[PDB]
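Peer 1: before the rest arrives, take these chain(s) from the complex:
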Amino acid sequence: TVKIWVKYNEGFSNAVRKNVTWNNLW
Amino acid sequence: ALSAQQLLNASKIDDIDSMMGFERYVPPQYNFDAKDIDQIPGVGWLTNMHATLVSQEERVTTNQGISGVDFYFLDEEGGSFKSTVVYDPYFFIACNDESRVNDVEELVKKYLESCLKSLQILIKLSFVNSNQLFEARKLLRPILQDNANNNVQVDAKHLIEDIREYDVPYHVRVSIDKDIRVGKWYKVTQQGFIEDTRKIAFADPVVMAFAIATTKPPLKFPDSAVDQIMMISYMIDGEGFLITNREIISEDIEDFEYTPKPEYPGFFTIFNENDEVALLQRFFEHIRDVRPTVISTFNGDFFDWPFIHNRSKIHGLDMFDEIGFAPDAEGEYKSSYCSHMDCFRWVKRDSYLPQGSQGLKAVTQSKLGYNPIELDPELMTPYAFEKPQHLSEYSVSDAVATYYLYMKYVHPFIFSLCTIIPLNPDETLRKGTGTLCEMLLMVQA
């Protein structure tokens, strides 16, 4: 037991583009 | 009696035509050679033609109609007009004994006084209009029957053996005799239409292609008595539009792109209407606004058009008054100013496809070389509520496919065929290949 593994995702969702604030960066 | 009603229909058609930018143009009084052209006042690309009846416009001879043909033209300046030619309709009588043709002449001179406009040496018979011609045929047919029955080998009646060139459509008779063809360029002059042999490249018509989506019951066919239109997609000269009925489609659809090949751009603009009638009114108004001279569909003669007509009637609208379209004697939907190009007909006649390939999809794959969006029809109604974006992607995919199917294959073929055959696009599309053949041989002879 206790072996490293990877939680597989069933699907791949791709978000829509968004505006960038100065606060989002820093 | 029925004359004046055909004149009423004519006048309504004149109103439709003028509303859509086809006013009757009348060239200047005459006065040289057809070879030094442009020295004559007037130029247009001919896109359609229809039989019609026209008024006169010492003795005025009371009120009576004139047989003629309307020709529809697009000008060099991005505009359009229509113009009208008058011509006496005619047909011939043959005799089995030449020596006494004159007695026959006198007989018929008397016998056909009520319908006949003139006669001249076969015996050529000319008439004031199509109705009188038809009365002459009704008067002559029993004689010809008895005659055809008679075995022969002395009385005048019995000397007329037959009629020849008797089943030529009037518009065809005119197109042939005047040597005019759709798809060619003419200068309209008082002397007549002058072919411009210098211009071969086609002008660019306004082209609309459309597909509708409607509700239907499970495992049954759509019925226009109870089912509603939920969306209408269309394209105009490469620009897409989609109109929506928000009584059914449970959200506003937003503008989007569907472009399956660079050849086929599809930018669609959306019109979200509150209900069916609004959708219809937006549709009709858009049609009046853009003025198509081709409208294309896929199986619109059997599905789309009668459905649109019936929903139109249900909301108290008169489609004929709105856009000039109505069913003909075959039950097909036609107008004067705009050709109805049902691509499915071309598919069935000229495409070489298997019954297995008579679907929109298989035609798309075969002819445009790509794989369009597919949706089980039974799923179309529920998704209208549940997944409206997918349905709208399907709808516009349909419109793109229909547009480029028309533009890449059907338009050049049908119009070029029109450039040698004396028919409008609709008929050349719909006639049997055999009748087409008949027409070609008639031209050659």
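Peer 2: Nice, thanks for sending it over. Numbers count the residues shown, from 1 in each chain, chains lettered A, B, ... in the order given.
Peer 1: count the residues that sit near residue 17.
Peer 2: Picked chain A for this. Neighbourhood size, residue A:17 [other C-beta atoms under 10 Å in any protein chain shown]: 5. The C-beta positions use only the backbone N, C-alpha and C, and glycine is treated the same way.
Peer 1: let me rephrase: I mean chain B.
Peer 2: Residue B:17, neighbours per other C-beta under 10 Å, totals 23.
Peer 1: tell me which residues of the helix or strand where it lies come out buried.
Peer 2: When elements are defined using DSSP states H and E, residue B:17 is found to belong to helix B:3-19. Residues of helix B:3-19 classed as buried by neighbour count (16 or more other C-beta atoms under 10 Å in any protein chain shown): B:7, B:10, B:13-14, B:16-17.
Peer 1: helices or strands up against it?
Peer 2: strand B:44-54 (3 or more C-beta pairs under 8 Å, 6 or more residues apart in numbering or on different chains; DSSP states H and E).
Peer 1: in its sheet, what does the strand it packs on sit against?
Peer 2: Sheet neighbours of strand B:44-54, with direction, are listed as strand B:66-75 (antiparallel), strand B:185-189 (antiparallel) (DSSP bridges).
Peer 1: residues of the following helix or strand past the longest one that come out buried?
Peer 2: This means strand B:66-75. Taking DSSP H and E as the definition, the helix or strand that follows strand B:66-75 towards the C-terminus is strand B:80-86. For strand B:80-86, burial by neighbour count (16+ other C-beta under 10 Å) applies to B:80-85.
Peer 1: for stretch B:326-345, same thing?
Peer 2: Buried positions in stretch B:326-345, judged by neighbour count with 16+ other C-beta under 10 Å: B:326, B:332-345.
Peer 1: give me the phi and psi for residue B:267.
Peer 2: The phi/psi pair for residue B:267 (degrees, to the nearest 10) reads phi -100, psi 110.
Peer 1: what residues does it make contact with?
Peer 2: Each residue near residue B:267 by C-beta atoms under 8 Å, 6 or more residues apart in numbering or on different chains is listed here: B:239-240, B:255, B:257.
Peer 1: append chain C to the structure above:
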Amino acid sequence: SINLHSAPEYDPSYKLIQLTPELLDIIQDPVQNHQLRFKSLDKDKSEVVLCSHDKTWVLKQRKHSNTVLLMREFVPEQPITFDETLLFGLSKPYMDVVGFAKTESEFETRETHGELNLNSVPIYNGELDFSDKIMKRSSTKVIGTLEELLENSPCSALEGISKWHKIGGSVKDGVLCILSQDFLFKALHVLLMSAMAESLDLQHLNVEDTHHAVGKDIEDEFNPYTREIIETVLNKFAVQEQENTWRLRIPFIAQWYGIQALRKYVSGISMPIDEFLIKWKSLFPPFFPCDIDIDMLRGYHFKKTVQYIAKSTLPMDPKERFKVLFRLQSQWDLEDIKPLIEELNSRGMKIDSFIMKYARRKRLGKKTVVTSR
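Peer 2: Putting chain C together with the chains above:
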């Protein structure tokens, strides 16, 4: 094979930026002014743009549901000891890398139009003692240089300078400002008349000779036309060849004059077009006999009648703008309306689609015009 190692905590200071071929070319240029620069108007509200020396891009973030690890090669301090348990589909390891960053999004860049920051720019009307109107403002911070203006503006250097010259921006007593329409064009007229009075070569005008030719007559106390003002006028109505001399354009100035005529005569009351063409026509300040064209009479007026309209006074929201536009003129010309909506597309794509989506396209034989509902 490659041995994969991982840190207990990743540094989120590292971010992924999409690099277009153009942006790559820009990156790979030793001297592109300040190379690439991140620019923004404020800290908590405005958007952030990336600017090169001659172009401006808008940034767009896009998240994904996958695990992206940025790893780097390292030389292990201690020899990696491990028993080989499977050889299948495996070659002997020859290097060690460690993931120092885990990104969940990418940054797409889109070509966009650069704009100027006119926050602290005053209006100059030719008024004396302007310093008091400068120092007694809300923003104690005063725009000292053009560099400072560009640094606090959402645009590239060249776009910024081009637009600054396009709007007739200038500087008086060390303070940037914008000249009023009246004073700017009056300055233009005076410049023209003075230049022709001294028979100056219009194709090759310079600052010194022009400046000397203008303020030679008028007393200095009433002469606000310094060399910077002249340079502004030249940068507005002329094009330089070697970049050092200036060469005047012609259609822009005459059309602009038609606009001046517009602010004077059809701001208060409207009048039928044939009449307006006559009256407009009676106005000929420039010595040069101007030509009329229907294209010249488009974008500054609305309708068989005509009335002046300023673009700045129209609402900035598209739907409201179209609403008020449908309130103002029942029937529109195509060419009359194209320049009036070109600058303000919220979609930012195409021209015709905007028009049909927000109006009713109702073409006619002469031209494909627009109509209202």
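Peer 1: in light of the added chain C, please revisit the buried residues of helix B:3-19.
Peer 2: Within helix B:3-19, the residues scored as buried using 16+ other C-beta under 10 Å are B:7, B:10, B:13-14, B:16-17.
Peer 1: generate a markdown table for these, with distance to chain A as supplementary columns.
Peer 2: Supplementary listing: the buried residues of helix B:3-19 in a markdown table, determined by distance: C-beta to the nearest C-beta, whole Å:
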| residue | distance to chain A |
| --- | --- |
| B:7 | 62 |
| B:10 | 57 |
| B:13 | 52 |
| B:14 | 53 |
| B:16 | 47 |
| B:17 | 49 |
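Peer 1: ok, these vs residue C:42, which is closest?
Peer 2: Nearest to residue C:42 among the buried residues of helix B:3-19, counting by C-beta to C-beta, is residue B:16 at 60.1 Å.
Peer 1: give me the number of residues near the closest residue in space to that closest one that isn't next to it in sequence?
Peer 2: Distances taken as C-beta to C-beta, 6 or more residues apart in numbering or on different chains put residue B:324 closest to residue B:16, at 3.9 Å, once the chain neighbours are dropped. The number of residues packed near residue B:324 is 21, by other C-beta under 10 Å.
Peer 1: residues contacting residue B:324?
Peer 2: Under the criterion of C-beta under 8 Å, 6+ apart, the contact list for residue B:324 reads B:13, B:16-17, B:20, B:335-338.
Peer 1: how about residue C:109?
Peer 2: Contacts here follow C-beta under 8 Å, 6+ apart; on that basis residue C:109 touches C:17-18, C:20, C:23, C:50, C:57-60.
Peer 1: buried subset of those residues, written for PyMOL?
Peer 2: The PyMOL selection below is limited to those of the contacts of residue C:109 classed as buried (16+ other C-beta under 10 Å):
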select buried, chain C and resi 23+50+57+58+59+60
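Peer 1: just flag the most distant two among the contacts of residue C:109.
Peer 2: C:23 and C:60 (14.0 Å).
Peer 1: returning to what we had before: now the contacts of residue B:324 in a markdown table, with distance to residue B:375?
Peer 2: Supplementary listing: these in a markdown table, determined by distance: C-beta to C-beta, whole Å:
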| residue | distance to residue B:375 |
| --- | --- |
| B:13 | 40 |
| B:16 | 37 |
| B:17 | 39 |
| B:20 | 35 |
| B:335 | 31 |
| B:336 | 36 |
| B:337 | 34 |
| B:338 | 30 |
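Peer 1: also put chain D on there:
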Amino acid sequence: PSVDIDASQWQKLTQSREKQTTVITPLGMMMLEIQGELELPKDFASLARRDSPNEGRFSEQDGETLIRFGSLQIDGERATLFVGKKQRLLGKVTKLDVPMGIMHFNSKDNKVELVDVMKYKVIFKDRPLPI
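Peer 2: Let me put chain D in with the others:
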């Protein structure tokens, strides 16, 4: 506010080396992508002490305990990822349509520096498999 991107080091290293040929950047950096969430232990310190020499699963680098969690194998377009002793994921080496720039944002001085340019990635879109 505004600040320039420093790309001098990246330029000097780029000019003196190739355009990227395999997945390794000329600078010795790469990009790994997994369709999923990487599940790691909650107590690194404890396992680093109970870690035995035979396993060699943990090591110290500059005061930080790194774990060796897997192996990556490139046999061409085909790629295989081994995780732990018992997990295998199948994937591919793909050329990025849009090259990704790795940049370091120094919050302290508000300075941005270009770290490297990724032209390729090793991606795994398929379900993890048995050993």
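Peer 1: same question on the neighbour count of residue B:17, but now with chain D added
Peer 2: Burial of residue B:17 is recorded as 23 neighbouring residues (other C-beta under 10 Å).
Peer 1: pretty sure it is touching residue B:336, no?
Peer 2: Yes: contact criterion C-beta atoms under 8 Å: residue B:17 and residue B:336 qualify, at 6.3 Å.
Peer 1: find the nearest non-adjacent residue to residue D:126, please.
Peer 2: Spatially, and ignoring its direct neighbours in sequence, residue D:126 is nearest to residue D:90 (5.0 Å; C-beta to C-beta, 6+ apart).
Peer 1: before we move on, back to that, now the helix holding residue B:17 against strand B:66-75, angle please.
Peer 2: Interaxial angle of helix B:3-19 relative to strand B:66-75 (axes from the mean of the first three to the mean of the last three C-alpha atoms, to 10 degrees): 10 degrees.
Peer 1: run through the helices of the chain in chain order.
Peer 2: Went with chain A since none was named. In order along the chain, chain A carries the following helices (DSSP state H): A:22-25.
Peer 1: can you look at chain D instead?
Peer 2: Under the criterion DSSP H, chain D carries helices at the ranges D:8-15, D:44-50.
Peer 1: residues touching residue D:2, list them.
Peer 2: For residue D:2, counting by C-beta under 8 Å, 6+ apart, the contacting residues are C:37-40, C:151-152.
Peer 1: and which of those is nearest residue C:98?
Peer 2: Distance ranking of those against residue C:98, using C-beta to C-beta, places residue C:38 first at 28.2 Å.
Peer 1: I'd assumed the closest one was in a strand, is it?
Peer 2: Yes: judged by DSSP: H, G, I helix; E, B strand; the rest coil, residue C:38 forms part of a strand.
Peer 1: contacting residues for residue D:11?
Peer 2: Taking C-beta under 8 Å, 6+ apart as the criterion, residue D:11 is in contact with C:28, C:30.
Peer 1: ditto for residue D:79
Peer 2: With contacts defined as C-beta under 8 Å, 6+ apart, the neighbours of residue D:79 are D:72-73, D:90-93, D:122, D:124.
Peer 1: go again with 7 Å.
Peer 2: Under the criterion of C-beta atoms under 7 Å, 6 or more residues apart in numbering or on different chains, the neighbours of residue D:79 are D:73, D:91-93, D:122.
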